[PDB]
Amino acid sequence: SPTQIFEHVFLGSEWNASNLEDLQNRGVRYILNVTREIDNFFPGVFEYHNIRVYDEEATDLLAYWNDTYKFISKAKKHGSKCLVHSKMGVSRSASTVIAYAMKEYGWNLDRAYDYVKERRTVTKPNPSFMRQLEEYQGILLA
């Protein structure tokens, strides 16, 4: 299933994003699709935001986390829930979720990674995504 990380935040996969009834039942109405290659399965049912990026070292996700912040913050604003998903829900999605938590609750990186890793054990940002979260930390501070 998709993994609830905050009141308003789920972390999941493409197969979670294609499971309409699951999403509806969980009260999701916003979907953060952190992929280039996976579709928006239900346009007209959910509000989408797309981060059209591949799960590769050359991807600069850092440049997109305030956009991601904006959207997820939007979900909460209207009293709703957001699914953050990729293809596997392991790297692009997980990293994004970790960054939001750092920004949002002002959590240390190990703090947030640890928080997210505990609930979604398969979470595993790619090594370049890890470097960037460390940067993000430095940026949030400086």
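Don't overthink the numbering: it's just position in the shown sequence, from 1.
Between the stretches 6 to 14 and 21 to 29, it is 21 to 29 that shows the larger average CA temperature factor. Mean C-alpha B-factor is higher over 76 to 84 than over the other stretch, the pair under comparison being 76 to 84 and 30 to 38. Out of 107, 46, 100, 64, the entry records its largest CA B-factor for 107. When the CA B factors of the chain's modelled residues are split into thirds, the value for residue 58 lands in the middle one.
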